[PDB]
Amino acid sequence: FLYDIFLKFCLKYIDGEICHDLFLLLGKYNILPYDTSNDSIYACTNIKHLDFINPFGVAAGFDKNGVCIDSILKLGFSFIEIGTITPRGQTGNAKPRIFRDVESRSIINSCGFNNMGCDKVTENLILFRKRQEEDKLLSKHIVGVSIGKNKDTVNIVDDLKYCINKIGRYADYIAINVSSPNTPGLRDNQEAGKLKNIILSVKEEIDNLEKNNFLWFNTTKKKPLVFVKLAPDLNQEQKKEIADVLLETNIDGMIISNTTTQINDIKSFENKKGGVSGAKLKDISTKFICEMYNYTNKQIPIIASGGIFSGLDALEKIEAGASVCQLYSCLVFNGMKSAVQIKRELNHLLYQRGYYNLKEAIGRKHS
């Protein structure tokens, strides 16, 4: 209630990234609210060995620098994708680079990987991983890392392999961000051939950490899984071309999806630069989940992202083929209550539809 009144005022009177930097500060000093519950095993999901306590996690770009991991996870989430991280720190693009429409529940952003750099973020994860040893309440909470490239870097691979060698020992999973619209020429890395080299080189570098170098100082105590974040602005030819790469390279998951450049039906996001996230992306990401779940013949697990605000929105994703649901615009528009309400909303529906558990619902639309 206290943070909900304050968030409403924030959305209508204070700048989007000031708000964002303000709440993250109230997180680093552990004064954000808490969601206490062991979470019903009813909603338990998994991607290989990654055991999620609940199907809801916080998507990348929220805790870019991993300075707020404990307080964000303590809001009722099972996992956090920290990043996107780049080898060297970046100030990103010119501000204001975050805008929101309340009536249509959407966000437009041209951040351009604003982060402290892989080395500083690694130290921030080391400190959370050290806390995770003493604090038992965060021992089953997964932390993923989204790895990217610096603006001026011509060879994406060198940057991705750099990131692995520093933060790889502390990640439960590594997300390859090849879908940023604010990093010039990055979506060109989603092309079948390039992505095949990317995934393989990234997987070789994770494998090499184990070959060359207690070691896995993460939740799993195992080597990080590899996920790729895909852009919704692709043709059917590319989406199927990618599927063959993901099936052959054996990617451990695929995050569907990132922000869109296609949504131009928002009047307040007209001449603002960046990708649109929120309630407008909802249907676009679900159909991309659907397409990819059948282009990859149900083999590659899916991490849903794009317009998830409710239990019905969450079930829509799970049934399309999603194993986990990633949040972002829900935390922005609905506030701190997001994961409490959405777990509750979903559990009501899982019972109402008659599923014994969540794992029974994954891809049941295609049944």
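The term rigid core refers to the maximal set of C-alpha atoms that superpose within 1.5 Å between the two forms. The first residue of the shown sequence is 1; numbering continues from there.
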Core-fitted, the stretch whose Cα atoms sit farther from this form in 4 other deposited structures of this protein, 65-73 versus 30-38, is 30-38
Count class of deposited residues lacking coordinates, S201 to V202: none
Stretch exceeding the other in mean C-alpha B-factor - 36-44, 304-312: 36-44
Would you determine, from the values in the PDB entry, which of 26-34 and 51-59 has the greater average C-alpha temperature factor? 26-34
Comparing C-alpha B-factors across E205, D252, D119, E134 in this entry, the winner is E134
Just the C-alpha B-factor column, please: which of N271, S78, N114, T219 has the biggest number? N271
How does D159 rank on Cα B-factor within its chain, lowest, middle or highest third? middle
Which third, lowest, middle or highest, does the CA B-factor of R344 fall in along this chain? middle
When the modelled residues of the chain are sorted by Cα temperature factor, does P96 land in the lowest, middle or highest third? highest
Sorting the chain's modelled residues by C-alpha B-factor, tell me whether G83 ends up in the lowest, middle or highest third. lowest
Could you look up the Cα B-factor of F128 in the entry and say which third of the chain it sits in: lowest, middle or highest? lowest
